[PDB]
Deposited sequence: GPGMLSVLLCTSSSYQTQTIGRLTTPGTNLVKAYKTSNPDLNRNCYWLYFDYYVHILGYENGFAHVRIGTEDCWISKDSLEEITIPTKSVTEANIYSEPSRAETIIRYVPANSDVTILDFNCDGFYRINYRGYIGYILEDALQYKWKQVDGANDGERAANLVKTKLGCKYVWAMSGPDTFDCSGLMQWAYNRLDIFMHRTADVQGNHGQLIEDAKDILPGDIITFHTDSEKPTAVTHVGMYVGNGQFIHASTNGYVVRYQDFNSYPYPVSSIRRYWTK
């Protein structure tokens, strides 16, 4: 499928309602999407853009996002194929200036090279769309939140500069084209369940019971980042901060793995 790149702009605010069809009851949105998130644009219809995050697709107002392209230079000669697979369309010298139109196409960017359109290997271009390093998406997610240490706590925010506990998680996995829902309790009910804290890995999310007088309730979430530490947007300082996993005095509800 041919797709373009969307960056949410939500003019004048931080959120836009999402719907599951192009003719919705505007009062019955399935959830929201947020400022500076990234999506694949599937198409347009009835004033809405059809967007996709990983395995999730929904509809948002065309005014809430902007279609964008990404220029970069190549660092490794390779062939621009007609689809993300090594019919040849052209060739890219040493470091040619190109323009990316789509990403994460089974290892292949979709680009424009001096007027020629097609798919090129990800590692051939200087720009790396995940931004961070890591052995798997879990470690990448962990390194993404580490970049946010010190960011201030604000309710209902998901970046780029302020966060609440659940927004930090959804922001991090949106940067990896992996969708999770917005609230802590829903996040803790999806992805692969890790029943054993000794088996946790960076990028795994942890939900917690933080109210002793409502001990089954789930309002708070963090992400394991290795070495017995997790990171969370916390009201204990109103900041994104490290937290010692073992001495944290609030019980775990679930450990969930959204990376594969």
Which ranges of the deposited chain go unmodelled, in order along the sequence? 1-15, 102-103, 278
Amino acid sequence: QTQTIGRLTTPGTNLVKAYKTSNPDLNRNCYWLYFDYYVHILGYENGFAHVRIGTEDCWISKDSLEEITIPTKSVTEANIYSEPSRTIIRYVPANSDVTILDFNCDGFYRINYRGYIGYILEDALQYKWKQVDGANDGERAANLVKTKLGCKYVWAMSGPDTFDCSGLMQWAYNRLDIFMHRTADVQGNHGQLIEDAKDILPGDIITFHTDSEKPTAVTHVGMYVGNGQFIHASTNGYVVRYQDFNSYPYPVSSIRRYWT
From here on, numbers count along this sequence of modelled residues.
Which of the two stretches, 58-66 or 215-223, shows the higher mean Cα temperature factor in the record? 58-66
Using the B-factors recorded in the PDB entry, average over the C-alpha atoms of 180-188 and of 144-152, then report which stretch comes out higher. 180-188
Looking at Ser74, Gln170, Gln131, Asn136, which one carries the largest C-alpha B-factor according to the PDB entry? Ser74
Relative C-alpha B-factor of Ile206, binned into the chain's lowest, middle or highest third: lowest
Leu33: which third of its chain by C-alpha temperature factor? lowest
Using the B-factor values recorded in the entry, state whether the Cα atom of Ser234 falls in the lowest, middle or highest third among the modelled residues of its chain. lowest
